[PDB]
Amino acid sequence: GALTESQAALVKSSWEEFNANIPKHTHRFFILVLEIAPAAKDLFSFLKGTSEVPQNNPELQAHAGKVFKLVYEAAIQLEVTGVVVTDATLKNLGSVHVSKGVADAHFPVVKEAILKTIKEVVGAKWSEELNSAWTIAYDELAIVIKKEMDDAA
């Protein structure tokens, strides 16, 4: 697809939409995750010992926010510059994933959880051109973190 001026414009627009409702979109995101894979629950400190996904847990919200921000920033960087840049942050990310017992096969779990979360976020404005644009941006960012985990192990 690339990332035409027209596609980037489409990701920015859709992320602004996500940020607009953190406690919802983040609890939704954790449920889509536990739907695709239930065992994932024991991983998260704030999910252990609980029976359901907490809805107002600051720890959980802050956590999931950070996750989507990172995928958006990735799309813009692709349109302007043509790439996704690896920094300190992406590297520390790779460490903590490993401490917590996270693997590569976990990634399509979280991707489908994010496309489905954004399809849910933009509703009728959804286009092939937009799906194509977030897909390209996740794929490109996952490529980068998986790369850093393997390096933290």
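Between two forms, the rigid core is the largest collection of C-alphas that superpose within 1.5 Å. Residue positions are given as counts along the sequence shown, with the first one as 1.
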Query raised in the report: So which moves more in 9 other deposited structures of this protein by CA, 44-52 or 60-68, given a superposition on the core?
Result: 44-52
Requested in this report: Look up the CA B-factors in the entry and say which stretch, 14-22 or 128-136, has the higher mean.
Outcome: 14-22
Report summary line: Between 92-100 and 42-50, the record assigns the higher mean Cα B factor to 42-50
Requested in this report: Using the B-factor values recorded in the entry, state whether the Cα atom of residue 86 falls in the lowest, middle or highest third among the modelled residues of its chain.
Outcome: highest
